[PDB]
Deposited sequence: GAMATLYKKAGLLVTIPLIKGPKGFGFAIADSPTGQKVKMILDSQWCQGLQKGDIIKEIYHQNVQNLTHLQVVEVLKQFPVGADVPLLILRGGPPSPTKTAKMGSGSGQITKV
């Protein structure tokens, strides 16, 4: 309703509690005009709550907005299987390589 709609207009910062699965965190990111954007959810069990279109702002409380696509991929890849990694994303609000992570 009204609240959900207004939160989409305003934007919402959401912390997603990632757990690294055997084949990664269960999603793919696109190097988009507006940052590292979630392109696909591949296995939601490892990234509960994460949605297509979410934009990565922090990894493990570190701001990653100055990192490149390849650097963000590299940092996510570095975590060992089973690792808990808080992921802060921006969802909605005032508005090409794709890599599995």
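Missing segments of the deposited chain sequence, listed N- to C-terminal: Unobserved in coordinates, per deposited numbering: 96-107, one stretch.
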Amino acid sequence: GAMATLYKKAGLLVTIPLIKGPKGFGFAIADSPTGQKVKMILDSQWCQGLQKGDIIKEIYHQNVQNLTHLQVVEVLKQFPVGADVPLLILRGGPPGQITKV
From here on, numbers count along this sequence of modelled residues.
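Given 60-68 and 24-32, the range whose Cα B-factors average higher in the PDB entry: The stretch with the larger mean CA B-factor is 60-68.
50-58 set against 33-41, stretch whose average Cα temperature factor tops the other in the entry: Averaging CA B-factors over each stretch, the winner is 33-41.
Assigned third (lowest, middle, highest) for the C-alpha B factor of residue 88: Residue 88: CA B-factor falls in the lowest third of its chain.
Residue 10 - Cα temperature factor, lowest/middle/highest third of chain: According to the entry, residue 10 has a C-alpha B-factor in the chain's middle third.
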